[PDB]
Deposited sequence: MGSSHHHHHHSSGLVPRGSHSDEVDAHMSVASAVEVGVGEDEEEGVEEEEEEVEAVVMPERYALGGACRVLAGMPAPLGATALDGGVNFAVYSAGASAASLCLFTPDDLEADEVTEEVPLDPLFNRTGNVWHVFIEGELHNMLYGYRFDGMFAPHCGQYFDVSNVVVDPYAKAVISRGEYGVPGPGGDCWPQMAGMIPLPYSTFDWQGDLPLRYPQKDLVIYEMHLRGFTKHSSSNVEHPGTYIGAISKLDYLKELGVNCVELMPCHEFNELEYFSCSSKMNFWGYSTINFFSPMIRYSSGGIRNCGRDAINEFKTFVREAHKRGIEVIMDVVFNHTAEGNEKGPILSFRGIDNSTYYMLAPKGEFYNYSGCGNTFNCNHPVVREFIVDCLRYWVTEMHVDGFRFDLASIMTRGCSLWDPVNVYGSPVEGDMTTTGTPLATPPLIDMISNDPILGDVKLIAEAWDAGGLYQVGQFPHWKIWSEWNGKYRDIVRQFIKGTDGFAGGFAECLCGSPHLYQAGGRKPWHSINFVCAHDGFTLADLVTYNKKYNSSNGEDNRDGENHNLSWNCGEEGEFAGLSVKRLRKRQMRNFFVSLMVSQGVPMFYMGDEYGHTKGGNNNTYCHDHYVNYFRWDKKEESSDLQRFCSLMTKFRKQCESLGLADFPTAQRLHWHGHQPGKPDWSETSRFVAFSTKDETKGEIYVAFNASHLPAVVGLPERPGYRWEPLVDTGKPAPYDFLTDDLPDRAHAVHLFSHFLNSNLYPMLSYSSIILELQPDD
């Protein structure tokens, strides 16, 4: 046949590879739809797509343009300036699970760019929020230069992770970047992270999503982005190019980001959400999979009701034979072409469920992922829990590869440092990387990702300022977010407290950071914790394109003492050999002390934890935490012929809370405590911690 006025020949094509692929002076399209009775290929143009008008349509022959359940067609010519979609026909029965309709033009799941809008937060032509979408037709060749980029391949034990929101990182006016809120605005700030000690960035979801899902209903916005439309394409409204050049520019922008990050020694880990899609339940848009083969992609009940183990309306059928191949191809695409270094899986315990619902001991999807020759060399971090009731923390089909977030760490550290009884043994266990959870099954201490604050919940500053949540601007009447925050307002609630309360809060924040940085495992903290970012007591800000979610670069200058403390702690962890251990610590390296050396207090009323550990580069170090409300003079280990020299004391005023060989009068400061240090003594305030280093006494 012919497609465009006789210029393009139409042929049978090939059923693989799926998607649209350029070759042989033409483009081959292939899709999978088992339940379709008729299919046609729709072609738009940039001008007609913004009219909801199809410029061309090629009907597909069920005989010569279908192999098995895979429709395919080859069109000769240069279509790389056009956008495409599919029209399917067939059975329609919501109560049976069929959602075919000829009036809808759907987007290929394998499309590498989805073009519907170019401006963030700006409705469509006439106040619309769900305009027509179309996918990008590839080009015969690539148009990006990597400049010899190669994988960094850091050992996971050497990582310090930083969780970043791409828009909120530079969208505040104080960022003073050329393109605030985009992939290029982020690049100008990468050196800052490099000086902070960060060598790994975790991006919050940067896959195509609609920020205007809720805008029509209640004028809210999907700021965080945990509702994905397509998985092969980056968010085009996080780029400066926009829909320009059919989206190719946006792709290159993302690539640019990654490349630059590798030239500063920073790795990029993508946050992916495969457990649900933007299409919602039966009352929602038909953009994608639902319109192609619903029964194949979504997990339904026998009566046609969608299984909802995420709270978002549906549940992706992760373990179905086709869905597993789709997911593996997504991951390999993001690794081999966008040069990503690893992935984080949100609500990971939905990929371990049956393709009905029943948790699987050896899920096929995890099996394929961990056995892949390409995905075996990249980091895989799992947030092992879901909204249905599963908590696979410590028990996850890890295959001796998968890492995992540690929420027990968060709870234990929060309660201990706030001053709860019965948490000294748990805190001591946390400081060693939880051997009882990861050593038994054959995993190393660095398979645990440690954190005390994330994007969901109180920030580090709110953790020491508010007893309760204040989610009133969310519009839910406080009926949202965590109810048990394990926080302490340090004696007076709100930001307007006395000077003693403020000093105590500063001590507490420094104590949390020290706990993170001296523990075995991979530390992680959310952007803005290094300078005390606050959200006003709101622990669930999923819908605020407001300054509360933005990095405040002006406030970073007012609190640069805390930033200095945090960067110095990261440097110290990097230097100390004993803090990045590959294996679990042993009783021959690590010793536990109490108020007196060698006499730990593991009882239920204990609120003091101290240890000392040998080190090949620093000789030996001593760390202590006093979470009681009364000060104490503690005795230090006896080391004939050596002396303990102070390094870190969170109770002292800056810059003396961390001593470096840049202070003009460090020796005088040490001398004025020498009369305690010579006796192997050290006085400590309530709610503090100290780090000392052993040096030759000569």
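Asker: Numbering the deposited sequence from 1, which residue ranges have no coordinates here?
Answerer: Unmodelled stretches: 1-60, 417-435.
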